[PDB]
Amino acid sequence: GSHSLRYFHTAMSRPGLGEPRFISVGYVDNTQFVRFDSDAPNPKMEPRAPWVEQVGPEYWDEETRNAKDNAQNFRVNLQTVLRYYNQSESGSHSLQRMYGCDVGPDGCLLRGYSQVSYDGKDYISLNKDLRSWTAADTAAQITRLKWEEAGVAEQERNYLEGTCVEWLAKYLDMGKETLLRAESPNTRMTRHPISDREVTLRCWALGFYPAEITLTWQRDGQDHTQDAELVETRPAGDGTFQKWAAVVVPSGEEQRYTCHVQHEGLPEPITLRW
């Protein structure tokens, strides 16, 4: 189908308590496959999905080498920003960074993105053209200045156009049996008494992959998703996902209903009734 390789960095200041934490994680689509904590003894970047491990030891050293610089570079960035804003060095503040690429069905390469937030608010971002920067406030414009004088967008563009899409390609071959196989949800619908007068009527879909899914609830043929409570999809632990959608209904009227689960691995969408 379509796929994406992304990396997610986080830097948190712990005032008085030594260095800031720098976590880093890698994703191919919805499956995590790499991590790095700066709270780790002799800390290296450990695999987190099985299909990655047969990459040469050169890789892993070259990455924890890069991860260690990013933690260093960021802990200074925390400092730089805190003074752009004149906040107290006792405050806890967080700097987040994200980058990656989306490639199409043939490997088209659809979008490259690279974005940075400070304390959860947009800070500066690479634009869709991979050559300009959106800068949120007057502090981020100083960063934008620095990064325009160094050709920073050009380094990133060639990372996101080449290294990204190439290594993505490599990753999905390695995990061909894991990542390229969708997993149809287990459907089922339970019924939970509330009273003499009405009853919760849950629609479950368990164990699916990837995470995207739609559940829909149809009264008498209507589309009654207006009243339904849908929790947000949640990880199952085994690397698959779950979500459910309930309704509340006059007694007897359970047979009035339908739940409909649409999902990439369902050959044709399934509908079910009590």
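For every residue, the number given is its place in the sequence shown, counted from 1.
Relative to one another, 175-183 and 124-132 have unequal mean CA B-factors, and 175-183 is the one with the higher figure. For the segment pair 84-92 and 142-150, the entry gives 84-92 the higher mean B-factor, averaged over Cα atoms.
In the PDB entry, the Cα temperature factor peaks, among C101, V199, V76, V116, at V199. In the deposited coordinates, the residue among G26, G221, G207, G237 with the greatest CA B-factor is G221. Looking at the C-alpha B-factors along this chain, the one for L110 belongs to the middle third.
Per the PDB record, residue ranking by Cα B-factor puts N30 in the lowest third of the chain. When all modelled residues of the chain are sorted by CA temperature factor, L17 is found within the highest third.
Ranked by C-alpha B-factor against the other modelled residues of its chain, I213 falls in the lowest third. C259: CA B factor in the highest third of modelled residues in this chain (values from the PDB entry).
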